[PDB]
Q: 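Next up is a structure, given as structure tokens.
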Amino acid sequence: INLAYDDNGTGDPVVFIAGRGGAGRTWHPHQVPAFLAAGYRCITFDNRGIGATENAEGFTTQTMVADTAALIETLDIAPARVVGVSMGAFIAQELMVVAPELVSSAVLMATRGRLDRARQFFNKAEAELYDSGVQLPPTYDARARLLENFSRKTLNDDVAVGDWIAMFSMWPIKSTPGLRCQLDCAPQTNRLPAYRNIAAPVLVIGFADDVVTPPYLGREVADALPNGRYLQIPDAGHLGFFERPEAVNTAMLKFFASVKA
Amino acid sequence: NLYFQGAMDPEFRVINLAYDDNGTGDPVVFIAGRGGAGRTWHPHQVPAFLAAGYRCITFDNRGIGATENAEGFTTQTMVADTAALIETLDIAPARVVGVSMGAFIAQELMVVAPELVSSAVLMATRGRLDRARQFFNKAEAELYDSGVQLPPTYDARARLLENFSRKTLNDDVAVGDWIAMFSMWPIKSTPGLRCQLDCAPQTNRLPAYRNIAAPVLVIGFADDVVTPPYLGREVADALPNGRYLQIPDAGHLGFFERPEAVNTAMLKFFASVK
Ligand code: NA
Ligand code: NA
């Protein structure tokens, strides 16, 4: 399957992998322009289970890893820099495990390397919501999105909240077979021992106020990676890269500037 | 099994409300938040207060327990119920401890009947809703008015996330303990619980609170997202004799989650009032 992708700029290639429910478009409001200004070529794409493949099911982390590898291959950009968030960070982790030759260095945001209890509770709650067929009313769905994704400081800022609520109407997340299958694309076992063999330089970024993927789980991944290090962004929830894009972009661009392509 | 007569409601009905009265010392009336029965004060607050020689009055707010089917009442109805409890026991002016909706009722009681309240601790409170909190209120109303019922695991996760500190949420053993506790303190979706959602600021009440003379301790919980601690600070700032204290590593249920820190602060405050 060809996945839709957007290819911008010329220069050292960086492949962005969005998290569950995110199209490649997720990276364009805040990341791509900054990376273009710094002279990178940016590739974004629609993960399996999004957009044209929203009715796909029965796929696994390995399928998504293969999809990503195929993208890097087909564009002739091996090895590429990789930026991944949540599910996207997991896919990047797992890609570095099987095909380290395709990745020169990586940033992994809001990530984890085992099936921790927070993930278990999330899995169960989401799968249940899906299987029940219940539709959350719109304002209640938006309140849940606000609470799960943003820091305290943002929720206190009246103008910001008005924007994020507007932002939700411009960013609808349809409940699809694809979205449900993506829920399964997460650690099912302790992958930390496997990450101990990843040689690439890696920056793990944890977001301070993250309740979906608490920052301490990112520390575990950075600790396991021989050349990994951990950075924490304050006052950032799970959508830290959208919320504090200046802090997050500075961290990634400083890291990527320090390492060879 | 004690009961007192509540105020007449806007539909001209008079109902009775259950209360509990323990101890012989200085009277303290506890006012629980939305969904909370009087028994919510008994695991952590009542034993400490009794040991300090206070008498503890707790009760079931209109819309809870025996009155869970009550509807059509307002903030003013609940203020008058609380006044009636104080007047019935002849304990005016009484010390008051309120949390969240209970703190709002205590504030509004002090505005209209200051002679009934000598001093108060107001936990997890506000004098207006900000944008986020107005929206959260609209969302809850919508869920209820929609008839849609949350699946039980989803519901449990939301309850945990909304009420506890990051320090609790990161502690797998503590999370298990609270989750089991939820099973023992179900929050039934009732007409009373829905009507309590509108017992909240509909306008900015901060200007009104500048006329409250009584000494007040406002306690904010640092990780509270339901009633963020800056909104508590605004109440303390409005009150000419109010002061603010913040408890670290405490979510919306801070008085239950960090009971020692909360109880210590309240008892230090009450020992020095007026
Ligand atoms: Na490391
Ligand atoms: Na003050």
Side-chain angles (χ1 to χ4, degrees), chain A residues 114-166 168 206-217 219-220 237-238, chain B residues 126 128-176 178-179 182 220-234 251-252:
Chain A
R114 61 181 175 88
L115 181 49
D116 52 285
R117 290 275 176 80
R119 181 73 202 201
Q120 289 169 43
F121 205 177
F122 178 82
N123 287 343
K124 287 190 164 60
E126 295 282 280
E128 191 184 64
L129 186 60
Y130 186 77
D131 286 341
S132 81
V134 144
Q135 174 67 255
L136 298 176
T139 307
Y140 188 91
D141 185 74
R143 167 194 185 275
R145 280 179 83 168
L146 291 161
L147 288 170
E148 297 213 39
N149 289 299
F150 296 95
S151 62
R152 304 179 263 243
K153 188 174 168 160
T154 276
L155 303 169
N156 302 336
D157 167 358
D158 278 20
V159 179
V161 176
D163 294 339
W164 292 125
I165 285 155
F168 299 152
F207 302 130
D209 291 353
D210 195 335
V211 293
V212 176
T213 311
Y216 84 84
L217 303 159
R219 299 192 184 262
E220 297 176 359
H238 195 51
Chain B
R126 62 282 202 263
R128 62 182 184 97
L129 303 182
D130 62 8
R131 180 90 162 101
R133 271 40 74 153
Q134 196 64 57
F135 196 71
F136 297 173
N137 196 108
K138 177 177 182 275
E140 276 274 289
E142 195 185 77
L143 178 70
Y144 183 88
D145 299 344
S146 93
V148 169
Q149 288 172 356
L150 299 178
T153 306
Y154 185 92
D155 197 17
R157 184 168 177 275
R159 185 173 177 183
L160 181 78
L161 281 182
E162 286 170 35
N163 290 285
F164 294 90
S165 62
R166 302 317 169 86
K167 178 174 177 170
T168 291
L169 295 177
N170 294 335
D171 174 342
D172 292 339
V173 172
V175 163
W178 293 113
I179 284 291
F182 291 172
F221 302 139
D223 289 7
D224 191 339
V225 291
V226 181
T227 62
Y230 90 100
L231 297 171
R233 182 173 293 281
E234 286 178 358
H252 188 56

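Each chain gets a letter, A, B and so on, in the order the sequences are listed, and its residues count up from 1. Note: hydrogens, waters and symmetry copies are ignored here, and every other heavy atom, side chains too, is used.
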Q: Is B:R157 paired with A:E126 through a side-chain N to carboxylate O contact shorter than 4.0 Å?
A: no
Q: Side chains of A:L146 and A:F168, heavy atoms from C-beta outward: is any pair under 4.5 Å?
A: yes
Q: Listed by residue number, which members of residues 210-217 of chain A have a heavy atom under 4.5 Å from any heavy atom of chain B?
A: A:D210, A:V211, A:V212, A:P214, A:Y216
Q: As an exercise, state the distance from CG of B:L129 to CG of B:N137, rounded to the nearest 0.5 Å.
A: 6.0 Å
Q: Chain B heavy atoms under 4.5 Å from A:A144: which part of the residue, side chain, backbone, both or neither?
A: side chain
Q: Out of A:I165, A:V161, A:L136, which one racks up the most heavy-atom pairs below 4.5 Å with chain B?
A: A:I165
Q: Checking heavy atoms, do the side chain of B:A141, its backbone, both or neither come under 4.5 Å from chain A?
A: neither
Q: Against chain B, label A:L129 side chain, backbone, both or neither, depending on which of its atoms sit under 4.5 Å from a heavy atom there.
A: both
Q: Between B:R166 and A:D209, is there a donor-acceptor pair closer than 3.5 Å when you use the side chain of the first and the backbone of the second?
A: yes
Q: Relative to chain B, which segment of A:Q135 carries a heavy atom at a distance below 4.5 Å: side chain, backbone, both, or neither?
A: backbone
Q: What pairs with B:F136 under ring-ring contact (aromatic ring centres under 6.0 Å, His included), at least two apart in sequence or on another chain?
A: none
Q: How long is the gap from CZ on B:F135 to CG on A:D158, to the nearest 0.5 Å?
A: 13.0 Å
Q: If you define the side chain from C-beta out and look only at heavy atoms, does anything of B:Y154 sit under 4.5 Å from A:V134?
A: no
Q: Quick one: do A:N156 and B:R133 satisfy side-chain hydrogen bond (donor to acceptor under 3.5 Å, both in side chains)? Show the steps, please.
A: CA-CA 9 Å; A:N156 302 336; B:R133 271 40 74 153; 3.0 Å; yes
Q: Let me know if A:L155 has heavy atoms under 4.5 Å from chain B in its side chain, its backbone, both or neither.
A: both
Q: Do B:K138 and A:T139 pair up side chain to side chain, a donor and an acceptor below 3.5 Å, judged on atom types alone?
A: yes
